[PDB]
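For reference, the structure discussed in these notes is given below.
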Protein chains: 2
Amino acid sequence: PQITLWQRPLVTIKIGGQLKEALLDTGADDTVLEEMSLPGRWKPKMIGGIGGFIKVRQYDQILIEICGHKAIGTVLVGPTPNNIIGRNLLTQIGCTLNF
Amino acid sequence: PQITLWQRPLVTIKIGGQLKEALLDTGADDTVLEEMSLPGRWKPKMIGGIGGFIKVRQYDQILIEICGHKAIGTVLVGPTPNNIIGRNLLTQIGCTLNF
Ligand SMILES: *[C]1[C][C](*)[C](*)C(*)(*)(*)(C(*)(*)(*)C(*)(*)(C(*)(*)([C](*)C(*)(*)(C(*)(*)(*)([C](*)*)[C@](*)(*)*)C(*)(*)(*)(*)(*)(=O(*)*)[N@@](*)(*)C(*)(*)([C][C](*)C([N])=O)C(=O)[N][C]([C][C][C][N]C([N])=[N])C([N])=O)[O@](*)(*)*)N(*)(*)(*)C(*)(*)(*)(*)([C](*)*)=O(*)*)[C]1*
């Protein structure tokens with residue numbers, strides 16, 4: 001699809017058996033989801049954004065289906081205000097920016 | 001231009017007689033630029049992102065050239081880590097997301 005930016009670019013993801021909405025973010029290097037239950041092991045980490053730094057847990061090799069499209073990668077789970085699909089997954093479903 | 005997402009989508013903007021680099025950020029409603037010299041009046045405003053809240057000063061109707069295209073809009077200037085062009089200006093230069 002061609003997504004225009006008059007509205008937030010929000011999309012349905014299926015992650016870990018659960019349906020969620022997430023924002024397509026080219027300004028995020030990573031994918032960060034609000035707190036959820038993910039099966040597995042996770043390493044602690046801290047990311048930086050606009051009003052500071054959050055502590056998140058990373059999970060590697062998580063299957064995430066984004067708008068019907070399947071991708072597998074690292075997902076940071078932690079206290080973001082919104083579900084964020086960053087460029088580690090945006091390049092997997094082939095997404096580009098055009099103007 | 002077609003921008004692929006293997007590298008940060010970073011672009012040259014010209015604003016207030018000054019040359020700058022800004023990230024094209026579809027997860028940002030607004031345009032937030034690092035603290036810089038801008039003529040005019042503004043209003044204290046505050047926005048949030050990951051990590052928390054920042055206080056920024058709001059300048060309305062500023063001319064910006066983004067990858068040499070011109071748009072006029074509100075520009076917030078404050079403690080952000082990188083310069084961000086958000087959906088208020090990306091819809092002005094006709095930018096879309098394709099997958
Ligand atoms: C909140 C809710 C809504 C949505 C949002 C999104 C956001 C974004 C922005 C951006 C800018 C640049 C600030 C960010 O922040 N990004 C981030 C993401 C996360 C991850 N991790 O991925 C990033 O990318 N970060 C980084 C860091 C860098 C910086 N530096 C310092 N700080 N020092 C990493 N790597 O991490 O789009 N929005 C807003 C508005 O903010 C959320």
Side-chain angles (χ1 to χ4, degrees), chain A residues 1-11 13 21-34 45-56 65-71 73 76-99, chain B residues 1-11 13 21-34 45-56 65-71 73 76-99:
Chain A
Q2 172 173 83
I3 305 177
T4 71
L5 296 173
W6 305 90
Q7 55 260 264
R8 272 188 209 173
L10 302 170
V11 101
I13 66 172
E21 261 164 336
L23 238 165
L24 259 23
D25 195 0
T26 52
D29 304 326
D30 306 289
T31 302
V32 33
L33 298 179
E34 53 206 20
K45 125 167 222 191
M46 284 156 265
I47 29 146
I50 231 63
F53 278 89
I54 55 151
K55 251 274 292 96
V56 292
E65 168 138 39
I66 294 148
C67 229
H69 298 56
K70 242 92 95 302
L76 305 201
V77 171
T80 173
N82 263 109
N83 298 330
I84 270 161
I85 305 311
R87 312 174 291 103
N88 57 323
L89 291 186
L90 296 184
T91 50
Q92 271 192 243
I93 64 174
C95 140
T96 46
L97 198 55
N98 337 74
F99 74 91
Chain B
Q2 198 198 359
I3 313 212
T4 59
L5 302 185
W6 303 101
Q7 208 98 68
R8 262 105 176 186
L10 269 175
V11 107
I13 62 155
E21 275 211 286
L23 237 204
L24 263 25
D25 184 2
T26 58
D29 303 324
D30 301 320
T31 292
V32 83
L33 295 311
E34 72 151 272
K45 193 212 182 162
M46 287 195 160
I47 55 182
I50 224 124
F53 17 121
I54 64 180
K55 203 227 73 155
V56 295
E65 291 155 52
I66 302 165
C67 251
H69 288 59
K70 326 193 251 51
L76 300 184
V77 179
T80 181
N82 303 117
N83 292 309
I84 313 168
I85 300 321
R87 298 189 306 90
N88 74 306
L89 270 348
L90 306 177
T91 55
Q92 251 183 274
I93 58 170
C95 178
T96 60
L97 218 32
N98 270 276
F99 72 92

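Per chain, numbering begins at 1; letters A, B, ... match sequence-line order. The figures here come from the full heavy-atom set of this structure, side chains too, leaving out hydrogens, waters and symmetry mates.
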(message) Is it the case that the side chain of A:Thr91 and the backbone of B:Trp6 share a donor-acceptor pair, with hydrogens and angles ignored and the cut-off at 3.5 Å?
(response) no
(request) Would you please name every residue forming a side chain to side chain donor-acceptor pair (under 3.5 Å) with A:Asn82, sequence neighbours left out? (result) none
(message) I'd like to know whether NZ of B:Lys55 has more than 12 heavy-atom contacts from other residues, nucleotides or ligands below 6.0 angstrom.
(response) yes
(request) Could you look at B:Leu23 and say if it's the side chain, the backbone, both or neither that has a heavy atom under 4.5 Å from chain A? (result) side chain
(request) Examine whether an atom of B:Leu10 lies under 4.5 Å from a heavy atom of chain A, and if so say whether it belongs to the side chain, the backbone or both; otherwise answer neither. (result) neither
(message) With chain A as the partner, which of B:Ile93, B:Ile84, B:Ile54 has the greatest number of non-hydrogen pairs under 4.5 Å?
(response) B:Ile93
(request) Among B:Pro79, B:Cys67, B:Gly94, B:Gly48, single out the residue with the greatest number of heavy-atom pairs under 4.5 Å to chain A. (result) B:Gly94
(request) For B:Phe99 and A:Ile3, run side chain to side chain contact (heavy atoms under 4.5 Å, CB included): C-alpha distance rounded to whole Å, both residues' side-chain angles, the deciding distance at 0.1 Å, then the answer. (result) CA-CA 8 Å; B:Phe99 72 92; A:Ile3 305 177; 3.8 Å; yes
(request) For chain A, find which of B:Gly78, B:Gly27, B:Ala28 contributes the most heavy-atom pairs closer than 4.5 angstrom. (result) B:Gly27
(message) Which residue is it: B:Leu5, B:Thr4, B:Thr26? I am looking for the one with a side-chain contact (heavy atoms from CB on, under 4.5 Å) to A:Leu90.
(response) B:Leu5
(message) To the closest 0.5 Å, what do you measure between CZ (A:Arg8) and CG (B:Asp29)?
(response) 4.5 Å
(message) Please give me the minimum heavy-atom distance between A:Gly49 and B:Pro81, naming the atom from each residue.
(response) O-CG, 3.6 Å
(message) Can you confirm whether more than 12 heavy atoms, excluding those of A:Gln7, are under 6.0 Å from its CD atom?
(response) yes
(message) Go through it in stages, so that I can follow the logic: the residues are B:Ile50 and A:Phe53, the test is side chain to side chain contact (heavy atoms under 4.5 Å, CB included), and I'd like the CA-CA distance, side-chain angles, deciding distance and then a yes or no.
(response) CA-CA 7 Å; B:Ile50 224 124; A:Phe53 278 89; over 6 Å; no
(request) For side chain to side chain contact (heavy atoms under 4.5 Å, CB included), just list the numbers for A:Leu97 and B:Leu97, CA-CA rounded to whole Å, side-chain angles, deciding distance to a tenth of an Å, and then say yes or no. (result) CA-CA 5 Å; A:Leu97 198 55; B:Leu97 218 32; 3.7 Å; yes
(message) Please report the interatomic distance CD(A:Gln2) to CG(B:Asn98), rounded to the nearest 0.5 Å.
(response) 5.5 Å
